[PDB]
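With the deposited numbering applied, the sequence shown covers 30 to 1045.
Just below is one structure, and these are the notes that go with it.
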Amino acid sequence: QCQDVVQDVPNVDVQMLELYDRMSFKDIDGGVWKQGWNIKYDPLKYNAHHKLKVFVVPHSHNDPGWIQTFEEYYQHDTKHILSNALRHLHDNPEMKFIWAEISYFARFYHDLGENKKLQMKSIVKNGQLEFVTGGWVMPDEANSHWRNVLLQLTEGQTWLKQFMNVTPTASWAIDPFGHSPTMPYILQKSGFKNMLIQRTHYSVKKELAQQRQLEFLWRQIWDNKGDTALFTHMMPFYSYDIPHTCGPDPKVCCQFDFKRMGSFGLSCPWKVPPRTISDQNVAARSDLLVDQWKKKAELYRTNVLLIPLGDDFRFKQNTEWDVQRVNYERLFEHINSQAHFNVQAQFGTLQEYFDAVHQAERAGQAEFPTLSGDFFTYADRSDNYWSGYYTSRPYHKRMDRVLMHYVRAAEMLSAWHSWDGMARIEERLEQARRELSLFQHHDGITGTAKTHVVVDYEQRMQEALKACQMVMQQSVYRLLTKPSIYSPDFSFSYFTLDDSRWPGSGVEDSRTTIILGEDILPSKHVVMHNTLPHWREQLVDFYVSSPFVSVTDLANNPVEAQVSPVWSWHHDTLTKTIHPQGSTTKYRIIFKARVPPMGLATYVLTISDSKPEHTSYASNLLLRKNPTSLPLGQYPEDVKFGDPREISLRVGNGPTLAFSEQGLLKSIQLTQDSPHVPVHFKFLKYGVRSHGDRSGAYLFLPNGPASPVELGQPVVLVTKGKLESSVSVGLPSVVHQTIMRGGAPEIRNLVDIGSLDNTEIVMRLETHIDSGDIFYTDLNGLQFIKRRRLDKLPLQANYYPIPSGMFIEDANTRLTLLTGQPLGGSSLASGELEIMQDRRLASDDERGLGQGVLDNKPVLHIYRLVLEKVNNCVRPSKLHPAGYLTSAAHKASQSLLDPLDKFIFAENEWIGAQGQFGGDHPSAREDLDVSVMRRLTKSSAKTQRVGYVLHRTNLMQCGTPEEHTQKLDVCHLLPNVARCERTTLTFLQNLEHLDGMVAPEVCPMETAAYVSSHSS
Ligand SMILES: O=C(C[C@H]1CC[C@@H](O)[C@@H]2[C@H](O)[C@H](O)CN12)c1ccccc1
Ligand SMILES: *[C@@H]1O[C@H](CO)[C@@H](O)[C@H](O)[C@H]1NC(C)=O
Ligand SMILES: [Zn+2]
């Protein structure tokens, strides 16, 4: 049935980790093709019965924000490009054009008059204008979560289906900075047949070109059978621009970019300009151009050649359309009429190219190699590895993951009902999806845009968060109020969201205090939501105006609680120390919430005049020389003081953690009898080179290994409670916190790099684990890939994206660090893990951004740290390119990315309140998630439709007996099901009509989509 993703090592022609081990990566001058060799071809290869078919594919790369905002580019460039494409393609039936970015296209189309909409639909229907990929954006592939890659793909393609009646099956990704196999994974499950990529390491292009392995069937690293494979074309040269797309010699190709003759303010840096094609020069010009084409064709296996013709924001001016088209038409007429060339050249689209390639394949002309692996870390030249953008602008990288979750929760909570149009649910959800989708752009989440553009993305995301909050709180009010009492005002805030980790303590004072008092309000209802499809317990905290608060469930059962102070860290500009101050009027109450699968649970907080029976109070110990008093108002336990010292803590039956006198972890002891395993946190700094190339938003070019941050004698705060304990320390640039709740600790870093120019702050873990040169990092939150540190490459080449987690292991022990935000990281020595926190860079790094990164702001990074024994786990063999999490590590990752949501009832009394929603929802096996639940129809549809994306991960078997869980059938989650269909992941095509209206669960590492239809 299901493929075994652990025990069967796939047999592929190219496995990227193996290729990396063998490659020497020498950076030699290849001649005119600087990173290749002088290509030779046999002129007799092509003849009358075997011609070279050349497709020249006009394109225009349009960034949804980079050096200008989305709206600035739309007004100055993109609207003109699309208007002139419409005119020119209409008037010139053989001209072609491809378009990728649907965020821009949708904007443009909705502003067109009906006559022009109709003209536009006609040039799409007739194949002159072709959509490629059809996502909202062309996303980053390093930092993006797979859930958001799917979200933006779906946003663009849903628009295209509705308005253009087309769904692209070929993908075009010419600009992301390195490439991930998560893309073919999602695309192949969304109807695609082909994809194109460009930015891969120059040494990889050379190696694959030598073997004609630039076109390959790209399968997942664990896929033994090959069912995931997607045909992939990798472009061979340094850029997608015209000089690097006609052939190997850019001095020649630049002469065929007819926008470079002077009047457009462009020129050829190789110092030979284009010349207008005429009858007196066409034979000579054609002989140069065809020679470049035949050289490029040597790198590929069929007689069908792809020649992109475009660059950034091209095809704007009418005069530009004319100059490119007329000159190429003259070349085509000459070349195609001169038999000695044995070439047929024409304008074409991307799909036309791929169709012709597969026709050649089926005619027996070519067989294609199989490939697995990824294409990180990219370098475009010399030692310029693009690992900096794995960290750049980390505040917005963290915001991405918060908004990811809020979009999921808003779509899920509101999916349970149909809503009247006056509720503006669909409106707010569309806004949220579109702003999050926009940020997936390869200058958004990457942190590679100008400062004012970053500000625009942030503002858009804030509006999206507010939209999600509105939808979430309206939904909770409807789900938990007696139906005959429910009386909604769709503009009113029935609940406010309380989020403890965004923007976070020390970043924004954004959270509301629950204000209780005998003379104002005795009690307050709070509600937790659990988006995951299994019962979940999690500690939750709220701010309250008294320490004398107790918690009950709605059946009035007492719930054990802990009260702790509200501590804020202050950079004291008088004493020159970083130290905590406690509130004397706000307090934190903490208790364990238990919430049904995809459900809600209500609790009540009640004030009393004295310490409640079921509430305890944490102790607090401030470790520093030269302490001063720390009053805490009504808080019943006095703060204690001491000189810095080592300390040890244990919460519940969980691990015992030991800390240095500097407040940093030194060891973890898993159980009572077990060893104190050395696990040391350390903060270090990288700098920038004083000669040669400088680090910037894209490039990490360190001036050697990192140097320790000088810590001085930092102030350490120890809070010890029955439910939660923590150690926090004010270090230079980081308030570092280790929080213990009875399992793997949570780490929070409040990172403020301040004015430290040309500094990158790294957090490192040092252990004994005999990992050697092996470590594992994830791709897009979807899969873990084996990495091998290569000392033959520079330090920055050994940095990889850490979009959600990383681990090291030996035969016996594993250490996994899970993240709540994408950051860059590595293992630079056996037993180590490290992850960059922020970077502040004064210089531009010559990739067009035209600024350094000097707009840092405080960010709260979150993590879980899981030390485990793995000697009993069934792991892949030494040759398998994947790794897999344990149950504990996977749940830890879910605790960061999809925590419980917390709602505080706004008014004094909630009439008709109910205690729970979803108690009857199936509690699915732990490896299964309902990644997306989305109602697909508005309230006017007679047949309601609800879409589900189901993802099953793969967890290691380590000898923990499986407990019976319930089968999850998403098609019966809503009543009155009339049909259940398996669909593509975008919901746009029905693939299977399902027997008995039952949606089967999916196999390990598989993702499926289902749509249920309800007659209601
Ligand atoms: O590669 C680029 C720019 C590429 C890659 C980085 C990315 O931020 C930008 C924008 O997305 C543009 O689309 C071009 N991209 C470059 C190279 C040399 C000089 C100037 C620019
Ligand atoms: C859209 O797609 C196909 C081919 O263009 C056509 O048969 C159909 O009539 C068009 N319109 C629809 C499905 O509304
Ligand atoms: Zn770009």
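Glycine included, every Cβ here is placed at the ideal spot set by N, Cα and C.
query, result
"Beta-carbon proximity of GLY716 to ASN787, cut-off 9 Å", "yes"
"Burial state of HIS720 (16 or more Cβ within 10 Å)", "exposed"
"Same chain only: Cβ atoms within 6 Å of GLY671, ignoring 5 sequence neighbours per side", "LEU652"
"Status (buried if at least 16 other CB within 10 Å, exposed otherwise) for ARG427", "buried"
"Which of helix, strand or coil DSSP assigns to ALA858", "coil"
"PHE521 - DSSP class collapsed to helix/strand/coil", "coil"
"First and last residue of the uninterrupted alpha helix (DSSP H) at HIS993", "Here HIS993 belongs to no alpha helix (DSSP H), and DSSP marks it neither H nor E."
"Neighbourhood of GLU875 by C-beta, 7 Å cutoff - its chain only, sequence neighbours within 5 removed", "none"
"Start-to-end residues for the beta strand (DSSP E) that takes in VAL161", "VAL161 -> no beta strand (DSSP E), and no H or E assigned at all."
"Beta-carbon spacing of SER534, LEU908 below 9 Å", "no"
"Cβ pair count under 8 Å reaching 3, the region 400-409 against the region 916-929", "no"
"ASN413, buried or exposed, once every other Cβ within 10 Å from all chains shown has been counted against 16", "buried"
"Nearest neighbour of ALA840, chosen from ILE803, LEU847, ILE814, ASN365 [CA to CA]", "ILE803"
"Boundaries of the beta strand (DSSP E) in which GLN502 is found, first to last residue", "That residue, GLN502, is in no beta strand (DSSP E); its alpha helix (DSSP H) goes 480-508."
"beta-carbon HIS90 near ligand 4 non-hydrogen atom, thresh 8 Å", "As for ligand 4, it is missing from this structure, which binds only ligand 1, ligand 2 and ligand 3."
"heavy atom of ligand 1 below 8 Å from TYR102 C-beta", "no"
"Assigned secondary structure, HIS105 (DSSP; H/G/I helix, E/B strand, else coil)", "helix"
"7 Å Cβ shell around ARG723 - same chain, five flanking residues per side excluded", "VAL717, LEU730, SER872, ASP874"
"Residue 8 Cβ short of 8 Å to ligand 3 heavy atom set", "Missing from the structure shown is residue 8; the chain here goes from 30 to 1045 and no further."
"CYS282, DSSP secondary structure in three states", "helix"
"Three or more C-beta pairs below 8 Å linking the region 102-122 and the region 142-161", "yes"
"Spatial distance of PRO39 from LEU1020 (CA atoms)", "27 Å"
"Whole-angstrom distance between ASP1024 and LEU997, CA atom to CA atom", "16 Å"
"CA-to-CA distance, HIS993 to residue 1049, given in whole angstroms", "With the chain covering only 30 through 1045, there is no way to say anything about residue 1049."
"Residues of its chain near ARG904, where Cβ-Cβ distance is below 7 Å and the 5 sequence neighbours each way are ignored", "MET985"
"Other residues of its chain near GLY692: CB distance less than 6 Å, five sequence neighbours each side excluded", "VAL745, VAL756, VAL758"
"3-residue-minimum beta strand (DSSP E) runs that sit fully inside the region 897-982, ordered along the chain", "930-934, 957-964, 973-981"
"Within 9 Å, strictly: CB atoms of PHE245 and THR399", "yes"
"With 16 other Cβ atoms within 10 Å as the buried cut-off, status of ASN901", "exposed"
"Best match in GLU327, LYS300, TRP175, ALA313 for proximity to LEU243 [C-alpha to C-alpha]", "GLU327"
"Residues that DSSP places opposite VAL85 in a beta bridge", "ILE336, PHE376"
"Cβ-based burial, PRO990 [other Cβ within 10 Å; buried from 16]", "exposed"
"Beta-carbon contacts of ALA735 that lie in its chain and below 7 Å, excluding the five residues immediately before and after", "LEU713, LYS714, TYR715, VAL791"
"Residue 13 in three-state terms, based on DSSP", "Within the shown structure, residues of the chain are numbered from 30 to 1045, placing residue 13 beyond reach of any answer."
"Any non-hydrogen atom of ligand 3 within 8 Å of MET167 CB", "yes"
"Whole-Å CB distance - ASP37 paired with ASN253, under 8 Å assumed", "4 Å"
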